[PDB]
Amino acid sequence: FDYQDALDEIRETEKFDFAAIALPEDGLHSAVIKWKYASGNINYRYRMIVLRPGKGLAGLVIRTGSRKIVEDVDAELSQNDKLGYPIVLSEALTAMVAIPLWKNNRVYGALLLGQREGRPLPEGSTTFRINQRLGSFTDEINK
């Protein structure tokens, strides 16, 4: 209440083509990660993404608890990497920053900021800060 709006603000203000939030959800005998919120999406395929623990770009970020930066998806990610990151394929991202969302002293979800069509990541994305901009969540800085 309301994460969609905040997501739009960040994407609109920081000038990204795409933004999304990954959060934990209850599954049968296993918690899963889904892309619950999205801004500037080109289709609705991301809604169908269900990730087992540790999997996907979101899972990589949740596991390491530190941000992941990809200036150029095409050149930096292997075929295997790309296949294992469905939202990247689904949204046609050519560059992206993924940031761990921390609730309390625990890594919780992930914020993805992405670009399309070869548009570079905005200058300063490397030290983008979640705190006081996404409700309760903070990033890995000061952890």
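From 1 onward, residues are counted along the sequence shown.
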| query | finding |
| --- | --- |
| Higher-scoring stretch by recorded Cα B factor average, 41-49 or 59-67 | 41-49 |
| Residue stretch of maximal mean CA temperature factor, 114-122 vs 92-100 | 114-122 |
| Of the residues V107, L83, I87, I33, the one carrying the largest Cα B-factor as recorded | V107 |
| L134 CA temperature factor, ranked by third within the chain | middle |
| Chain-relative CA temperature factor third for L28 | highest |
